[PDB]
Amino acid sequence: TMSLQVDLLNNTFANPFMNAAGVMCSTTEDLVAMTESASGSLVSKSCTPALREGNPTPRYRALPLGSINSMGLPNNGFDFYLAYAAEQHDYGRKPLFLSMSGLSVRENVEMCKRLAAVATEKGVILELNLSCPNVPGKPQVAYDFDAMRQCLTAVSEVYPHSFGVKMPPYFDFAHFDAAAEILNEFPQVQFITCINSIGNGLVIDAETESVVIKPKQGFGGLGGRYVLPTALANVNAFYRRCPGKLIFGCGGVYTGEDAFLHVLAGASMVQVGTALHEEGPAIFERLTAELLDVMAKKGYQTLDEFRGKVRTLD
């Protein structure tokens, strides 16, 4: 007998699967579809105070090895997602995360001030996005450590709940250490989601001699097969460095076996982006079955048995 149950943040989850923020979670229809799905949870589209129409199209392209996008935080605005969390979402079915991506610290502070009461009353969980690489003129906050600390301090002052942070990928141990040091100063940061896309790739089509997305001269965030080893590295790097926290994996998940790798690396929840974008929410039924099959073959009955237990050779 086997179980995909996960218990964290004073919630029970049927399985570790959810959408990545930004995928299939922008509209009422999207959010109801995610809640009706076999996923263990869901997160709403990264929001800004005001509605944003996003960058000009084409701004997404599916590729053999994944995806490239420069959406530009298209979203219905904070009021819309707050209302969903406050009044609409079926918490009897599954827990809800709300992704927030204010364009300034002050914007995040004002949104969190209002979110706090809905968190208390309804149990929505904040995922604060420190890593959006597609708003022109605005670098990833988590690539400026002083800015990241400033943001976390300001939010912690006004948001008296456990919350998580969505991180951009890092590529060296000095940065893993610096980032972990900052996050470890905030006991209220109870989870870390690794990773947002690999930022500012450039896909060029040989036939047309052209980039494949319109905004930002074709530069956009990479997802899918391109990012799995980077995602696993970041998941494991923070798993090792942040023993007091949960790690959520995001990046490169197409199968239950990919999910198995994220959990081995340290993941508690597993988010699905590009694959969900191309398959839709039916994907969750397949991922749960596939993960259970992998576990069956290996003789694992629960996720606790192998989470973080990636074997090293040195």
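The numbering used is simple: start at 1 and walk along the sequence shown.
Colleague: Which has the higher mean CA temperature factor in the PDB entry, 49 to 57 or 273 to 281?
Modeller: Higher mean C-alpha B-factor: 49 to 57.
Colleague: Out of 227 to 235 and 113 to 121, which stretch has the higher average CA B-factor listed in the record?
Modeller: Mean B over CA atoms: larger for 113 to 121.
Colleague: Out of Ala179, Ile198, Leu98, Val105, which residue has the highest Cα temperature factor in the PDB record?
Modeller: Each of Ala179, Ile198, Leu98, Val105 was compared by C-alpha B-factor; the highest is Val105.
Colleague: Go through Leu73, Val189, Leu222, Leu126 one by one and give the residue whose Cα B-factor in the PDB entry is largest.
Modeller: Highest C-alpha B-factor among the listed residues goes to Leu73.
Colleague: Please rank the C-alpha B-factors of the chain's modelled residues and tell me whether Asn15 sits in the lowest, middle or highest third.
Modeller: Middle third by C-alpha B-factor.
Colleague: Based on the deposited C-alpha B factors for this chain, I'd like to know if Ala206 is in the lowest, middle or highest third.
Modeller: Ranked within chain, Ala206 CA B lands in the highest tercile.
Colleague: Please place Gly244 in the lowest, middle or highest third of its chain according to the CA B-factor in the PDB entry.
Modeller: According to the entry, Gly244 has a C-alpha B-factor in the chain's middle third.
Colleague: Give the position of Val165 by CA B-factor within its chain, expressed as the lowest, middle or highest third.
Modeller: Bottom third by C-alpha B-factor.
Colleague: Check where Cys194 lands among this chain's C-alpha B-factors and tell me if it's the lowest, middle or highest third.
Modeller: Bottom third by C-alpha B-factor.
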